[PDB]
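A single chain comes next, written as C-alpha cells; it is the form deposited in one PDB entry.
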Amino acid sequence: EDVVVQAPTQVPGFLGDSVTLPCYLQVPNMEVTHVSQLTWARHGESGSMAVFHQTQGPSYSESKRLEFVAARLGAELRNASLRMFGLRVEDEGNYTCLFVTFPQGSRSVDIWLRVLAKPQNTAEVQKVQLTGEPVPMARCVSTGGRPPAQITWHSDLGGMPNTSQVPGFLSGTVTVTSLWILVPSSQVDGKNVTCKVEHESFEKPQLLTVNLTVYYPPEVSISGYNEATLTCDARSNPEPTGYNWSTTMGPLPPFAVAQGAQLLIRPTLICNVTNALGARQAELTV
C-alpha cells in the first residue's frame, strides 16, 4: 500500500573499476506520488555528494566521479541509481539514497559499498639442503588483495606454516606471503604439498600444488650379499658424480678388483660415494 525503496544491502565494487549503486522507488499500481528531488549522502559527511532536482537537474560534489545513470529532466524520478567512476579505498562506506516524495514524504535506504581487489596467486618451491633446524621448503604468495586473502595448506608431511603480511602495490591491498617450514629429509624429495587460497572475489578457493626439492648427500647401499660381484647404488640430489671401493685397513686386497660402483671378488669393504653435497660411506664385513 505504501511506496518502498528497492536497493541491495551491500554492493561489491572493485578498486580502479566503476560500480553502480542500485536505488529504485517502487510505487503501487494505482498509487500517485510526486518525486521532486533525489539525494545521495555519505554517513558522517557534512552534506550531500549528489542531488537531482526535477527542473534544475543534477549537482555533484565530484562531478567527474559521479553520475545519475537513470535520472533525467522531463521524466518521473523513479530510479536514483548512481554510478561511481574510478573506485578508491576511501569510497568504502555506508551511503544513503533519498527520495523526496509527496504526500508520502521522504523515503531513504542505506547501501554499504565495499571496495575489493582480486589477488593474483603464485606458488613456488624453496629448494634447500639437509639441515637439523626446520627451514622453508614451499612458498605461496597472494599479491594485492582487499581484504587480505586466507592461505591454508594440505600435506601428508608434518610441516608448520609461517605467514607474513606486507602492503601491495596499491594502497588498501595486502600481499599475503605464506612459507611452509619443515625439517628436510630424502623422504619428502619429490612429494607434493597443496596450497589453498581463499578470497571473496574468487568463484571457489584456488588450489596450487608444489613438488618439494631437497639437496642431500648419497644414501649408499650394496647388493649381492665361489666367485661373486657386488654393486654400489646410492640415492642423492644431484645424482652421484663418483663411486669408490676400499677396505678398513686401506687399499683393496689382492683378490678384490673394482671400477667405480662395480666390485669383483675372486676366491671389511667400504664404498665411498661422492656428489655436489659431499661424500658418504657404507661399511660391510666380508
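Residues carry their position along the shown sequence, with the first being 1.
field: Deposited but uncoordinated residues in the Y225/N226 interval
entry: 4 to 9 residues are missing.
query: Just how many deposited residues go unmodelled from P267 to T268: none, 1 to 3, 4 to 9, or 10 or more?
result: Gap between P267 and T268: 4 to 9 residues without coordinates.
query: Averaged over C-alpha atoms, is the B-factor higher for 84 to 92 or for 209 to 217 in this PDB entry?
result: Between 209 to 217 and 84 to 92, it is 209 to 217 that shows the higher mean C-alpha B-factor.
field: Residue stretch of maximal mean CA temperature factor, 116 to 124 vs 102 to 110
entry: Averaged over C-alpha atoms, the B-factors run higher in 116 to 124.
message: In terms of recorded Cα temperature factor, pick the maximum from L230, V27, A70, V51.
response: Across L230, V27, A70, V51, the entry lists the biggest C-alpha B-factor for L230.
query: Hey, out of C23, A276, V19, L15, whose CA B-factor is highest in the deposited coordinates?
result: The C-alpha B-factor peaks, among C23, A276, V19, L15, at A276.
message: Going by the CA temperature factor in the PDB record, which third of the chain does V176 belong to: lowest, middle or highest?
response: CA B-factor rank for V176: lowest third.
message: For the chain shown, is the CA B-factor of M249 in the lowest, middle or highest third of its modelled residues?
response: Highest third of the chain for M249's C-alpha B-factor.
message: Split into thirds by Cα B-factor across the chain's modelled residues, where does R78 land: lowest, middle or highest?
response: Lowest third of the chain for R78's C-alpha B-factor.
- prompt: Looking at the C-alpha B-factor of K191, is it in the lowest, middle or highest third of its chain?
  reply: Ranked within chain, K191 CA B lands in the highest tercile.
- request: Just say lowest, middle or highest third for the CA B-factor of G168 relative to the other modelled residues in its chain.
  value: It belongs to the middle third of the chain when residues are ordered by C-alpha B-factor.
Keep in mind that the form deposited in another entry is missing from the display, and what follows is about it.
query: So one rigid chunk twists against the other between this form and the one not shown - which of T213, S36, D91, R78 is right at the hinge?
result: So the residue at the hinge between this form and the one not shown must be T213.
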